[PDB]
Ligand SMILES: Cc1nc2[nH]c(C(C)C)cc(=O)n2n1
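Next up is one chain by itself, shown in structure tokens, the form solved without the ligand.
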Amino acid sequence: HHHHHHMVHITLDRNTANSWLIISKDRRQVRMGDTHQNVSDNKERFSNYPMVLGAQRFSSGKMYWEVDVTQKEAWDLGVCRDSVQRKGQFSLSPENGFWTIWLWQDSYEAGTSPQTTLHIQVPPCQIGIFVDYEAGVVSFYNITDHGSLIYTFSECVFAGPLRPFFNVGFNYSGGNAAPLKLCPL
């Protein structure tokens, strides 16, 4: 892929984070804390899951960014509508305003309804995410395997501004503490 030149500088929006997340001072890294991080509640915070949004909102154009997932057992990455549900239980699907992929229990899947099996020969340490707003496309790339395609959502109905979407995952196992990191351009 030759999408690298649409690179955008993503930063995390504290105010949207689940109350157990710890965001770095530069707003480029996030991890699960071992307890509530002593912040007030607000209607923006994801309540049920360890999720946070990027600060940037996209309504046009082509955008590309990279995320480091080194040594994580579980995570969700992609984009979502600015108006996604924050409170209670929900599934990651385009019907709910999410265009995402994840790792869970040693398999990779795309957030369709129902979910789609991905075929990855080289477990990724970094993921590239490409959005073409006008074309209605979200694509994922394996940076570890020379940028090979993972998955393309096409005919997307965004139906509003898009925000970068992150889930660091739970850490019941003690093996999923590692952060998500936004990689430098």
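Numbers for residues come from their place in the sequence shown, where the first is 1.
Omitted from view is the form solved in complex with the ligand, to which the following refers.
Contact annotation for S148: none of its heavy atoms lies within 4.5 Å of the ligand in the deposited bound form. Put simply, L92 is close to the ligand in the deposited bound form: some heavy atom of it is within 4.5 Å. At least one heavy atom of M51 is located within 4.5 Å of the ligand in the deposited bound form. In the deposited bound form, the ligand sits within 4.5 Å of a heavy atom belonging to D41. Using a 4.5 Å cut-off to the ligand in the deposited bound form, each of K87, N167 and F170 places a heavy atom inside that distance.
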